[PDB]
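Input: a single structure, listed below in C-alpha cells.
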Amino acid sequence: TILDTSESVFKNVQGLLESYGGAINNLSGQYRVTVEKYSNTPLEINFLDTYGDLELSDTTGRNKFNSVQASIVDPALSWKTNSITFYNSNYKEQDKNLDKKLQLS
Amino acid sequence: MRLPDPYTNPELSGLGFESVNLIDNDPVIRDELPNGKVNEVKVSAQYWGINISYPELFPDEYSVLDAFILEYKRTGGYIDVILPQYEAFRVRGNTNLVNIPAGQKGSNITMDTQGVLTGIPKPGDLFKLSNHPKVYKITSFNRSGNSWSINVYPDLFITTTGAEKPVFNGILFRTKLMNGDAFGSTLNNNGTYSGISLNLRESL
Amino acid sequence: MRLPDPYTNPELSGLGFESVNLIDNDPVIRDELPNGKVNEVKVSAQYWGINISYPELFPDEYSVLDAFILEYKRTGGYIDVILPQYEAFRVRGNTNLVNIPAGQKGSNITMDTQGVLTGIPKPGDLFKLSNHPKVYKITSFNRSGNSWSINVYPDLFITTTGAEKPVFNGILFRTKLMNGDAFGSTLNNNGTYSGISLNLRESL
Amino acid sequence: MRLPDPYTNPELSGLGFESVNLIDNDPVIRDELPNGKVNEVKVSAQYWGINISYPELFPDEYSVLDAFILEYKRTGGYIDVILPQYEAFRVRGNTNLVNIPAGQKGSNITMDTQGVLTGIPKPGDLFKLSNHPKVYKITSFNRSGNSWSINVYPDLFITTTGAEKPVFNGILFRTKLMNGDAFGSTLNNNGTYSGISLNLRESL
Amino acid sequence: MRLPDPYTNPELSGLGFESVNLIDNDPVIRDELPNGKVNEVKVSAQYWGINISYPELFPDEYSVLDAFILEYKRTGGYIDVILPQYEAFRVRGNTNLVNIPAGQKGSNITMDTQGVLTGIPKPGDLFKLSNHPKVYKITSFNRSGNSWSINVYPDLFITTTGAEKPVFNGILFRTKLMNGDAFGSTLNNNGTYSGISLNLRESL
Amino acid sequence: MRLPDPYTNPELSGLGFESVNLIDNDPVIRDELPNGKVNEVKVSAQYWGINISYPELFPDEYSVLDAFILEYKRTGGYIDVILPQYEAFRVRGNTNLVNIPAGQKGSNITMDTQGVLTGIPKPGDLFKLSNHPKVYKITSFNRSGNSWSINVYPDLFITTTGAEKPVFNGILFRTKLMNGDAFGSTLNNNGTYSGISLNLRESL
Amino acid sequence: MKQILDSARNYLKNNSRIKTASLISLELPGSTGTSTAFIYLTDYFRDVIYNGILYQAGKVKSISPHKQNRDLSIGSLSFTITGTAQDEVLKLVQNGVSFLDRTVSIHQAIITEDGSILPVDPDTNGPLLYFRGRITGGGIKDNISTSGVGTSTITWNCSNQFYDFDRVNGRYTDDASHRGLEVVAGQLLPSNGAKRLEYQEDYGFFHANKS
Amino acid sequence: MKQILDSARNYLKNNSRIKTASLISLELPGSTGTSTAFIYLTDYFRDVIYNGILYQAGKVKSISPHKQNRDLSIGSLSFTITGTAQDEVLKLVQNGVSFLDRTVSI
Amino acid sequence: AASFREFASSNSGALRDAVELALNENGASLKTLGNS
Amino acid sequence: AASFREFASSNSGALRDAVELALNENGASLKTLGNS
Amino acid sequence: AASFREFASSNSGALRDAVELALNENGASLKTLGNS
C-alpha cells in the first residue's frame, strides 16, 4: 500500500478495505473488523425462527459476468502497468454464449 | 388538598361521584411469532387513570368546585383523591413502630411487624409506602409469626432506605387534571350546571 | 359596541340567552415522563371562550340582531358582553376612591378600601381592572380591616401602575366572532328562526 | 324570469317554499396569535347563498317547474328570486327623482331625497342600486332633513357614476343553480314526485 | 396458574362465564387465480382464541379476580383454563395404561387401549397429549377391538416419542392475555362492575 | 361431501338455510368516454358467490356441522352445495346417450338428443357438463327436432372433447370457505350457539 | 406507425365489450446445455390454442405498462405469477440455474365471440405483439400476518437488449483476449472465449506489449 | 459475532415478559477546561445503580434504531430528551459551549 | 398519481433534504453538481 | 414504510421532477450525471 | 408540510431507491457522486 495523505481519511480507509474485502462495524460498541470467509460451522437458522416476513431478490443481468481483465502496477515492468485477463468456458456455456467482460484495477 | 366530597361536605351531596372508573395503564410492546409464541417487553411506568362523572349541579356546590379547581390551577399543586370502595380498616396498630429493612427492591416486601399489628391485609387491598406517593395493590400475603411478606403490583419504584413505613389506611391518590386544558361548564336556563366530568392521571 | 339584550332593549324579551358555556382555554406544553411524572408549563395567553344559544326568534328581533352583527363586521370593532348571573351585585360603593399600589405582580392583589366599600366578593366572582380589557376570577379573598387581598386567575397580564381602579360590577368581556364567515339562518314554516347561536372568543 | 311561486301561480300552491335558508358567505383568512390577538384579512367577494326545499309535488306543478328549469339551462340566463319575509313597502315615492352624487365608494351612501320620499328604511331592510344586480343590507340610517345617509353591508362593489338610483322595493336576487349539474326527480308509484331541493348562489 | 371458577371456589357463584367464543385462527396464504381456482397453503401455527364475558360482579369476587390477574402480570406466567361444556365426561379409565406407538405423525393417531378404557369419545370432543400443551379436536373416531384410531385437527405439532399419554378429561388450555395494557373497571352506582370480559389467546 | 341439510338430515331442521344470497361476480374494467360512449374489457373468470345464514343452533346439530367443517379443513377437499330453488326435474331421459360434437367452444352448445330426452329446459335453468365442475345458466334454447341448441352464460371454460355429457339434474356447486380463516361460534348461556354464517366462492 | 388491418379497426370501433388474451412464450431458465425448454402461459380465464401451441391458464396475475419515448431507454417491463405454484418457486431457486439471457415474447390477442383469435397484424394475419425481450432478474415476496391472510408473489423483470449499459464489447490488442485463453491442467489453451472460432489460430498481437 | 454467555441465551429463550433498561453515560458539553463532568441517565421507570454509579430516571424519551452494513458509514444515532427540563435547555443554549468532541456510551 | 405529482412539486425541498441525508450518511453530496 | 417503498418505486418519475425543480432553482441538474 | 418533512426524513432510503430506479432506466447513477 501507498497512501496519499491528502485524500480524506474516509476515502483512504474505504479503498484500503476494498483492497481485501474487509468491512468494519461498531455494533456492540467496540470497533470490529470482519473479513469474508467460508466457515465450517455457520449458525443454523430456520424460517420459523423469524417473524415470517421474507423477501428474495435476484439481479443477474447487471451483476453477472463470465470473463475478466484486471490491471496492476508491476516492478517486472519497471512499475509500468500489466493487464491480466481470462475467460471461463463453463460459465460461457451456462450462459447462452453471451460474452460479458468484467473490468478491474 | 382533597377533592371535596360528601364526607368533607355532607351538605353538598351532589358532589358524590355518580360512578367512577379505575384504569390500569401498563404500556407494553408485544408481538406474535409465527410459531405461536407471544413475546413482550416492558418499559415506562404503570400508572392509574381515573374517570369521574357528576350529575346536574346547583350553583352553590358548583361554586365550591370551581373555587377548588382554580386554586389548584393557580398553585400548580396536586389533587388528592379518596376512593371509597377500598375504605376498610381491616389492619390497625402502631404502624410507625414497624421496621422495614433497607435494600428491598423488586416486587416482594418483607416486614417485621414485631407482633404489633392486628388483623391482616387481603388481596386487592391498597398499600402505600410512607415516604412516597405511589399506590400499590396487594397480590398476595403470608405470615411467619411476626414476619410478614407481601407481593405487590406494580413493581416498586424505589429502593428501600430502611426509613420507610407501610400505610394500610387512608391512602389518597395524588393526581393532576389532564382534561383541564379545555375545562368549562354549560349553564342551562334551569339555573343548573351540567356536563361536568373529570379525567385524572396519577402523578408522582 | 354593546351586544343588545333584555337590559338594553327590555321589550325584546326573547333576546336573552337560553344557555351559555363559559370555557377556559389555557394552552400548555405537556409531557409525560417514563417515571410517571407529568410536567406542565404555562405559555401564551389564557383566553375565555363563550358559547351562546338563543331561543327561537321572531323576525323583528332577529333583524335587529342581524343588523348589529353586520355593523360589527363593517366596522371591524369588538363585541362587548356582560354575563347576567355574575352581574348580581355583592360589593357596592365608590370604586373611584379605592387606591391600588403600583408594582403589584403575580396572582395576588392588595388594595386599600379606606373603608368605602360595603359587602365582600365571593369566590367565583368576576374582577376587572379599569384600564385593561382582561377579566379575572376571584379564587379567594382575605380582609384585614379595610385592606383587602385577592387571589385571581389567571395571573395578571400587566404590572400595576398605581392608577388602576377595580371594577366588580358591570364587567364587560371584549370578544371576536368565530362563525362569521358562514353564518346563516333558516326561516321555519311556523315563522321563526331556530338554532341561532354564537361561538365567541376573547381577544386582547 | 322569476322562479314561479304562489303569487305568480296561486293555483299551484305546492310551489310555496316549505322553508328557506339564507346564508352569508364571507370568505376570510384568520389566525390566533399566542398573545391572544386575533387578526384577519379579507379578499374575494361576499355572496348570498340560498337553500330551498319543496314538499311532495303533483305532476302539473312539477311540469311547470321542469319547463322553467330546462328553459334556464338552454338559455344560460339567470334565475330571479323573490324573498317574501322582506316584502314590506315602508318606503315609497318617486325613487327616480332622487340624486346620488358620483364618486361615493366604500360602505357609506349619502343621498339627496329632495324631500320626495315618505317613510324611512329600517335596519335589516334590503337595498339595491338600480344599475347593478347586487343586493345589500341596511346596517344603519340617518336623516338631516332631505339628506339621508345609510351604512350598508357588504362594501360597495362599484364606484357611483351619479346615474344610479336606489331601489327599496321589489328586490330580486339574481342567481344560478350550483346544484344543477346532477339534477333529477324521483317518481313514486303514488304518482307524485319527491325529493326536490335547490341550492342557489347569487351571481352578478 | 389455574383460573378461579365455580369448580375451584364454588361459593363465588357469580364467577362463571355468561358467554364464550372459541375461535379458530388458521393463518394462510390465499390466492385467487384468473381461472377461478382458489389456492390455500397452511403455514404458521393454528391457535385458539377465546373471548369470555362475565356477568355483573360484586366487589369481593371482583377483587379476587383482580388480584389473580395482577399476580399473573407480576409473574409473567401462563393462564390455564378448562371449558366446562367439553368437561362433561364420556371416556373414563386409567389413561396411564394406554400406550401410544412412537413415530406417529400427521393427523391420524392410533393407540392400544388394552381394553382398559370405557365408552368412546364423540366427534367434537377435546384431546390432548400429556407432554405438550397443545389441544386438538376429534374430527372422527374408529374402533377396532381395543385399538383406537383418531383423526384430529390441527395436525400434530410433534412426532410421538412413544412416551405420551392421552388425556380426555380436565384438559387445560395455556393462554396469554391481550387486554392487559389498558384494563379497567367501572363501579356502577348500584354497586356492581359490568362489562368485565377477556380476550385470551393460546400461546405455545 | 354435501353440506348437511334437511333433505339429508330431516331431524336437524335447524340446518335449513334461513335465507341464501347468490351473487354473480363478473370482474370487468370500464370507462366512460366524453362523447358518451361506454367501453369495457373483460379478463378473469366469472364466479358464483354464495352467502348463507343460520338461526340459533342446538348443540347436536351444531356438533354435526363442526364435525363436517373440521373434516373439510383437515382434508383440504371441496364443499358440495345444493340449491333448492332450482330443484325441478323438467328434463329427463338417458342423458348418457346424448352426443355432443367435439370442438364446440364459446357460448353456444348444439346437441343431438337423438329423440331421447323428454321435456325441455327453461331460461334460468342450471346446466352443467359431466366432466367439469362448472355451473352455467341457460339464457336461451331452441329445437329443430332431435337437434337442440342452447346459449349459455358465462362463456365456456373448456373446449369440448366430444366425451362430455350434459347434466340437467342434481347440479351441485363445488366451493370452498373464504370466511373460514377466522371461524368460530359464540356460546350463550341458553345453551345455544349463535352468529354462524358462511361465505362461499365456487372453485374449480 | 404500424398499419393494422382495417377490419380490426372497424370491429373495435363498433363493439363495446371486448375480450383480450395475453399470450406469453417464455424460455426456461437454467438450461445448463444450450438446448432449452419453453413454457407457454396466458392470463386468460381458460387455456387457449394458437399455431396449435396450447397455452396454459391461471399462473399469470398481472403485467406492467410499457413506456418508450424519443430518448433511448431499456424499456423495462415486469410481470407477476402466483407465489403458491410450487413449480415456479423451484424454477427460481435451483442453485445451478443461469438465465443471463433467456428470451420472452408477449402476444396480445383480440378474442371474438366464437373463441377465434381476430386477425390484426397484416404481416402474420394474426395477433399483435405487446412486448419482446430478455429476462434480467426476478424476485419473491412472502408476507405472513400473525392472523388473517398472507400473500406470496413472484416477479419477473424484463428489458431490451441494452439491459446493461455498462457493457463494453470492443476488441483490443492482446493475444490472450483475441484467442480466448484459459488455463487447464497446467497450460494455456484457446477456448470458447474467442469472438470467433477462427481467431484461436491467430498468434497476432503476440509481440505487441513489448513492441 | 460476539459470543454471549449462554445463561442469558437460555433465560431469553424461556421467559416471555422481559424488562430492559437503557443506561446512558454522557460527557457534559462545554467544559471550557479539559476536565469535564459526566451525567448519567436512564429511560427506565426508576433510578438504577450500576458499578455503584446511580443513573437518574425520567429525562429520556426515545432512542433511534442503529444500522450498519458491509459498506463504511457514520453509523449515526439520535436520542431525545424532554424539552421541559429547564436545565437541559440551559445545557444547550449557553454561548461559551463547545462539544466538538464529547463522548457518549449506551 | 397526478395528485402526488402536484404535492411533491409543491413540497420539493423536503425531498432534497432527505436525499442529502442519505448521501451524507454514505459521505456524498449534490453540491458536487453545483460546482460541476 | 414498506407500502411507501412500493408506492414511491411505482411513482419514481414525479420525485425526479421535484428534485430537478429544486436543483434548477439553484441552477443545477442531474443531466450532468447523464454525461458524466 | 412539516409532517411530510418529518416522514420523508424518516424514510429517506426509499426515495433514494426510487431516484436510482429512474436514473438507471435512463442509464445513470448517483455512485458517480460517490467517486467524484
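Ligands are numbered from 1 in the order shown, residues from 1 within each chain, and chains are lettered A, B, ... in the order they appear in the C-alpha cells.
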*Find the residues near residue K:16: any atom within 8 Å, counting only C-alpha atoms, skip ones fewer than 3 places away on the same chain, and give them as a VMD selection string.*
(chain I and resid 19 22) or (chain K and resid 12 to 13 19 to 20)
_Give me, as a count of residues only, the residues of chain A that a backbone DSSP run labels helix (DSSP H, G or I)._
26
*Got a sec: who's within 6 Å of residue B:193, counting only C-alpha atoms, leaving out chain neighbours fewer than 5 positions off, as a ChimeraX atom specification?*
/B:56-57,186-187
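The environment of residue C:151 within 7 Å, counting only C-alpha atoms and disregarding residues fewer than 5 places along the same chain, consists of residues 107, 108, 109, 138, 139, 140 and 141 of chain C.
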Could you write out that same residue set with N, CA, C and O atoms as an mmCIF file, in the first residue's frame?
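For reference, part.cif as written:
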```cif
data_model
loop_
_atom_site.group_PDB
_atom_site.id
_atom_site.type_symbol
_atom_site.label_atom_id
_atom_site.label_comp_id
_atom_site.auth_asym_id
_atom_site.auth_seq_id
_atom_site.Cartn_x
_atom_site.Cartn_y
_atom_site.Cartn_z
ATOM 1 N N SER C 107 -50.217 36.639 41.111
ATOM 2 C CA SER C 107 -51.640 36.375 41.191
ATOM 3 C C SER C 107 -52.292 36.964 42.432
ATOM 4 O O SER C 107 -53.477 36.706 42.660
ATOM 5 N N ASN C 108 -51.566 37.731 43.239
ATOM 6 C CA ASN C 108 -52.120 38.341 44.438
ATOM 7 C C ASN C 108 -52.170 39.850 44.272
ATOM 8 O O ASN C 108 -51.163 40.479 43.942
ATOM 9 N N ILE C 109 -53.347 40.416 44.509
ATOM 10 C CA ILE C 109 -53.565 41.854 44.587
ATOM 11 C C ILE C 109 -53.885 42.252 46.016
ATOM 12 O O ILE C 109 -54.623 41.552 46.711
ATOM 13 N N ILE C 138 -61.993 35.600 40.920
ATOM 14 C CA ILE C 138 -61.542 35.593 42.306
ATOM 15 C C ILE C 138 -61.501 34.176 42.865
ATOM 16 O O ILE C 138 -62.541 33.558 43.092
ATOM 17 N N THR C 139 -60.294 33.670 43.109
ATOM 18 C CA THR C 139 -60.155 32.349 43.706
ATOM 19 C C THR C 139 -60.331 32.400 45.213
ATOM 20 O O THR C 139 -60.876 31.466 45.810
ATOM 21 N N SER C 140 -59.873 33.475 45.845
ATOM 22 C CA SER C 140 -60.164 33.686 47.253
ATOM 23 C C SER C 140 -59.908 35.131 47.639
ATOM 24 O O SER C 140 -59.204 35.874 46.950
ATOM 25 N N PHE C 141 -60.470 35.490 48.787
ATOM 26 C CA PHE C 141 -60.481 36.839 49.320
ATOM 27 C C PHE C 141 -60.048 36.768 50.771
ATOM 28 O O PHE C 141 -60.382 35.819 51.483
#
```
_Selection near residue J:7, 12 Å with only C-alpha atoms, sequence-local residues under 3 positions removed, as a list in words_ = residues 1 and 4 of chain I; 1, 2, 3, 4, 10, 11, 12, 13, 14 and 15 of chain J; 14, 15, 17 and 18 of chain K
Deliver the residues from the most recent selection as a file, using N, CA and C atoms, as a tab-separated table (two decimals), in the first residue's frame.
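After the write, again.tsv holds the following:
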```tsv
chain	number	residue	atom	x	y	z
I	1	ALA	N	-52.05	9.41	-8.89
I	1	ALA	CA	-50.64	9.75	-9.22
I	1	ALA	C	-50.49	11.25	-9.41
I	4	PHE	N	-50.20	13.24	-6.53
I	4	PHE	CA	-48.88	13.08	-5.93
I	4	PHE	C	-47.81	13.89	-6.65
J	1	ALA	N	-43.98	1.66	6.28
J	1	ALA	CA	-42.81	2.04	5.46
J	1	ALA	C	-42.81	1.29	4.14
J	2	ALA	N	-42.97	-0.03	4.22
J	2	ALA	CA	-42.84	-0.87	3.03
J	2	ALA	C	-43.85	-0.46	1.97
J	3	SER	N	-45.07	-0.14	2.40
J	3	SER	CA	-46.06	0.40	1.48
J	3	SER	C	-45.55	1.66	0.81
J	4	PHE	N	-44.85	2.51	1.56
J	4	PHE	CA	-44.28	3.72	0.99
J	4	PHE	C	-43.15	3.43	0.01
J	10	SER	N	-43.28	2.89	-7.46
J	10	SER	CA	-44.27	2.96	-8.52
J	10	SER	C	-44.45	4.37	-9.07
J	11	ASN	N	-43.99	5.40	-8.36
J	11	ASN	CA	-44.21	6.78	-8.79
J	11	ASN	C	-42.91	7.56	-8.95
J	12	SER	N	-41.83	6.84	-9.29
J	12	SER	CA	-40.49	7.40	-9.21
J	12	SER	C	-40.30	8.69	-10.01
J	13	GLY	N	-40.89	8.76	-11.20
J	13	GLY	CA	-40.69	9.92	-12.07
J	13	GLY	C	-41.05	11.27	-11.46
J	14	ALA	N	-42.11	11.32	-10.67
J	14	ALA	CA	-42.51	12.58	-10.05
J	14	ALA	C	-41.49	13.07	-9.04
J	15	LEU	N	-40.86	12.16	-8.32
J	15	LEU	CA	-39.79	12.55	-7.41
J	15	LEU	C	-38.62	13.16	-8.17
K	14	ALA	N	-35.91	4.94	0.84
K	14	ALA	CA	-36.82	4.57	-0.24
K	14	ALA	C	-36.83	5.59	-1.36
K	15	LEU	N	-36.72	6.87	-1.01
K	15	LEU	CA	-36.63	7.90	-2.04
K	15	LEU	C	-35.37	7.73	-2.87
K	17	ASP	N	-33.80	4.97	-3.42
K	17	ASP	CA	-34.08	3.84	-4.30
K	17	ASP	C	-34.86	4.26	-5.54
K	18	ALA	N	-35.93	5.03	-5.35
K	18	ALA	CA	-36.76	5.40	-6.49
K	18	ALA	C	-36.00	6.26	-7.50
```
*After a least-squares fit of chain C on chain F across every C-alpha pair in order, what's the RMSD, to one decimal?*
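Once chain C is fitted onto chain F, the C-alpha RMSD works out to 1.1 Å.
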*Specify as a ChimeraX atom specification all residues of chain I found within 6 Å of chain J, counting only C-alpha atoms.*
/I:5,9,12,34
*asked:* Residues of chain A within 12 Å of chain I, counting only C-alpha atoms - could you list those as a list in words?
replied: residues 8, 9, 10, 11 and 14 of chain A
Write out, as CSV, each residue of chain E that has an atom at most 6 Å from chain F, together with the closest pair of atoms and their distance in Å to one decimal, counting only C-alpha atoms, rows going by chain and rising number.
```
residue,atom,partner,partner_atom,distance
E:18,CA,F:189,CA,5.8
E:19,CA,F:188,CA,4.9
E:20,CA,F:187,CA,5.4
E:21,CA,F:186,CA,4.3
E:22,CA,F:184,CA,5.9
E:23,CA,F:184,CA,4.1
E:24,CA,F:183,CA,5.7
E:25,CA,F:182,CA,5.3
E:26,CA,F:181,CA,5.3
E:34,CA,F:44,CA,4.4
E:35,CA,F:45,CA,5.7
E:36,CA,F:45,CA,5.7
E:37,CA,F:203,CA,5.2
E:38,CA,F:203,CA,5.9
E:139,CA,F:67,CA,5.7
```
*asked:* What are the residues of chain H lining chain B at 7 Å or less? Count only C-alpha atoms, and put the answer as a list in words.
replied: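 In the required form, that comes to residues 16, 17, 18, 19, 20, 44, 45 and 46 of chain H.
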Restricting it to N, CA and C atoms, dump the selection as a CSV table (one decimal), in the first residue's frame.
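Listed below is the output, result_9.csv:
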```csv
chain,number,residue,atom,x,y,z
H,16,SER,N,-41.2,-15.0,28.7
H,16,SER,CA,-42.0,-14.3,27.7
H,16,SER,C,-42.1,-12.8,27.9
H,17,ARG,N,-42.1,-12.3,29.2
H,17,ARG,CA,-42.1,-10.9,29.5
H,17,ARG,C,-40.8,-10.5,30.0
H,18,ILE,N,-40.1,-9.5,29.4
H,18,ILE,CA,-38.8,-9.1,29.7
H,18,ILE,C,-38.8,-7.6,30.1
H,19,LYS,N,-37.9,-7.3,31.0
H,19,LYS,CA,-37.6,-5.9,31.4
H,19,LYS,C,-36.2,-5.5,30.9
H,20,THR,N,-36.1,-4.4,30.3
H,20,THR,CA,-34.9,-3.9,29.8
H,20,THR,C,-34.7,-2.4,30.1
H,44,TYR,N,-35.4,4.0,32.1
H,44,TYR,CA,-36.2,3.1,32.9
H,44,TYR,C,-37.0,3.9,33.9
H,45,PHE,N,-38.1,3.3,34.3
H,45,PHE,CA,-39.1,4.0,35.1
H,45,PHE,C,-38.7,4.4,36.5
H,46,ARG,N,-37.5,3.9,36.9
H,46,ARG,CA,-37.0,4.4,38.2
H,46,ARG,C,-35.5,4.4,38.1
```
*asked:* Could you work out which residues of chain G fall inside 7 Å of chain K? Count only C-alpha atoms, and format the result as a list in words.
replied: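 The selection requested is residues 73, 74 and 165 of chain G.
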Go ahead and write the residues just picked, N, CA, C and O atoms, as a tab-separated table (two decimals), in the first residue's frame.
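File produced: selection.tsv:
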```tsv
chain	number	residue	atom	x	y	z
G	73	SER	N	-33.82	4.12	-24.09
G	73	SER	CA	-34.04	3.57	-22.77
G	73	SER	C	-34.14	2.06	-22.86
G	73	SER	O	-34.32	1.49	-23.94
G	74	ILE	N	-34.02	1.41	-21.70
G	74	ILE	CA	-34.15	-0.03	-21.59
G	74	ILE	C	-35.58	-0.54	-21.73
G	74	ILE	O	-35.79	-1.74	-21.88
G	165	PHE	N	-26.12	-1.16	-19.74
G	165	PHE	CA	-25.47	-0.02	-20.39
G	165	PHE	C	-23.99	0.11	-20.04
G	165	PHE	O	-23.31	0.96	-20.62
```
_Best match for closeness to chain G among F:170, F:154, F:84, F:93, counting only C-alpha atoms_ = F:154
_Can you work out which residues from chain H touch chain I at a cut-off of 8 Å (counting only C-alpha atoms) and hand them back as JSON, numbers by chain?_
{"H": [72, 73, 74, 75, 76]}
If you count only C-alpha atoms, which residues fall within 12 Å of residue G:79, apart from same-chain ones fewer than 3 positions away, as a PDB file with C-alpha atoms, in the first residue's frame?
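Saved result, part-v6.pdb, follows:
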```
ATOM      1  CA  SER G  22     -52.251 -12.081 -23.282  1.00  0.00           C
ATOM      2  CA  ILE G  24     -46.603 -15.479 -23.081  1.00  0.00           C
ATOM      3  CA  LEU G  41     -48.836 -19.212 -20.425  1.00  0.00           C
ATOM      4  CA  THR G  42     -51.845 -16.929 -20.557  1.00  0.00           C
ATOM      5  CA  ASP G  43     -53.720 -14.643 -18.196  1.00  0.00           C
ATOM      6  CA  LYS G  59     -50.469 -18.828 -13.449  1.00  0.00           C
ATOM      7  CA  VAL G  60     -50.351 -15.185 -14.556  1.00  0.00           C
ATOM      8  CA  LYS G  61     -51.597 -12.384 -12.321  1.00  0.00           C
ATOM      9  CA  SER G  62     -50.551  -9.068 -13.880  1.00  0.00           C
ATOM     10  CA  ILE G  63     -48.470  -7.270 -16.497  1.00  0.00           C
ATOM     11  CA  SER G  64     -46.947  -3.814 -16.141  1.00  0.00           C
ATOM     12  CA  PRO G  65     -47.446  -0.907 -18.528  1.00  0.00           C
ATOM     13  CA  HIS G  66     -44.709  -0.335 -21.082  1.00  0.00           C
ATOM     14  CA  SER G  76     -38.349  -2.346 -18.980  1.00  0.00           C
ATOM     15  CA  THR G  82     -48.605 -16.565  -8.128  1.00  0.00           C
ATOM     16  CA  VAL G 104     -39.515 -13.798 -23.833  1.00  0.00           C
ATOM     17  CA  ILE G 106     -45.782 -11.464 -25.279  1.00  0.00           C
ATOM     18  CA  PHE G 131     -43.601  -6.977 -25.976  1.00  0.00           C
ATOM     19  CA  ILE G 135     -35.048 -11.630 -18.772  1.00  0.00           C
ATOM     20  CA  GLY G 137     -33.942 -10.631 -12.872  1.00  0.00           C
ATOM     21  CA  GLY G 138     -36.748 -11.565 -10.575  1.00  0.00           C
ATOM     22  CA  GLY G 139     -37.863 -11.897  -7.019  1.00  0.00           C
ATOM     23  CA  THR G 153     -45.885 -13.494  -5.311  1.00  0.00           C
ATOM     24  CA  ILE G 154     -43.179 -13.943  -7.943  1.00  0.00           C
ATOM     25  CA  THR G 155     -41.998 -11.079 -10.126  1.00  0.00           C
ATOM     26  CA  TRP G 156     -40.090 -11.361 -13.383  1.00  0.00           C
ATOM     27  CA  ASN G 157     -38.276  -8.273 -14.680  1.00  0.00           C
ATOM     28  CA  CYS G 158     -37.642  -7.895 -18.406  1.00  0.00           C
ATOM     29  CA  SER G 159     -35.857  -5.423 -20.654  1.00  0.00           C
TER      30      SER G 159
END
```
